[PDB]
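One structure below.
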Amino acid sequence: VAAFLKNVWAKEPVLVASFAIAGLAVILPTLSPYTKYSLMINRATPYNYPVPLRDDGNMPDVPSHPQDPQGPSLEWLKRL
Amino acid sequence: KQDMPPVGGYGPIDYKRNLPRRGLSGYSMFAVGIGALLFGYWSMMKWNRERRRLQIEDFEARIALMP
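So the sequences go chain by chain: L and V. Sequential numbering from 5 applies to the first sequence in the entry's author numbering. Sequential numbering from 7 applies to the second sequence in the entry's author numbering.
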């Protein structure tokens with residue numbers, strides 16, 4: 005079966021190259037950590053309006069000032 | 007007395023059949039193909055991600071106004 009890759013690649017060299025692109029395409033999205041950066045950006049794109057809520061006692065976090073360090077940090081991308 | 011056949015001066019031209027001007031064969035090809043292909047993918051992620059940065063910038067102006 006070791007020459008089976010060398011008696012068809014010298015016989016029909018078209019679909020042999022297709023199966024190699026069938027390979028190396030399913031496997032790699034589960035491999036490199038550049039994915040889940042695809043997920044963090046695609047969720048952090050603001051379409052709609054972020055409506056604020058009503059305070060009653062608490063206040064667990066996030067006061068009215070927008071430029072305060074009160075929310076998350078997606079600002080790694082601008083530094084990236 | 008004025009007939010043809012000359013004393014000398016002959017070639018001939020060849021009956022040969024050859025022009026093997028190769029040509030960067032034998033695994034030297036497929037090497038300039040793959041590296042330049044990933045070079046185009048390397049040109050990505052510095053433009054699409056850059057335009058993605060401007061894309062949030064574009065949507066930023068929409069959300070800041072409209073109260």
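Beta carbons are placed, not taken as given, at the ideal position from N, Cα and C, and that holds for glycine.
Under 7 Å from the C-beta of residue i: neighbouring residues of chain V
i	result
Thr-39(L)	Simply none; closest approach about 13 Å.
Amino acids of chain L, ordered along the chain, whose beta-carbon sits closer than 8 Å to that of residue i
i	result
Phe-45(V)	Result: empty, since nearest Cβ-Cβ is about 17 Å, beyond 8 Å.
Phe-65(V)	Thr-49, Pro-50, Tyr-51
Residues sharing a beta bridge with residue i, DSSP
i	result
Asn-62(L)	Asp-60(L)
Chain V residues whose Cβ lies nearer than 9 Å to that of residue i
i	result
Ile-25(L)	Per Cβ cutoff of 9 Å: no residues; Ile-25(L) is ~12 Å from chain V at best.
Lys-10(L)	Neighbours of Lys-10(L) on chain V: none; closest Cβ ~15 Å, over 9 Å.
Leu-81(L)	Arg-55, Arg-58, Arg-59, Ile-62
Proximal chain L residues relative to residue i, where beta-carbon distance stays under 7 Å
i	result
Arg-57(V)	Residues of chain L passing the Cβ test: none, with the nearest at roughly 12 Å.
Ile-69(V)	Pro-50, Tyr-53
Looking at chain V, which residues of the region 29 to 53 of chain L have a Cβ within less than 9 Å of any of its Cβ atoms?
-> Those residues of the region 29 to 53 of chain L placed with their C-beta closer than 9 Å to a C-beta in chain V are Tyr-38, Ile-45, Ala-48, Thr-49, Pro-50, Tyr-51, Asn-52, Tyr-53, ordered along the chain.
May I ask you to verify whether the region 6 to 20 of chain L touches the region 29 to 45 of chain V, counting CB pairs closer than 8 Å and requiring at least 3?
-> These segments do not touch.
At a cut of 8 Å, does the region 35 to 42 of chain V reach the region 24 to 33 of chain L through at least three beta carbon pairs?
-> No: the two stretches stay apart, fewer than three of their Cβ pairs being nearer than 8 Å.
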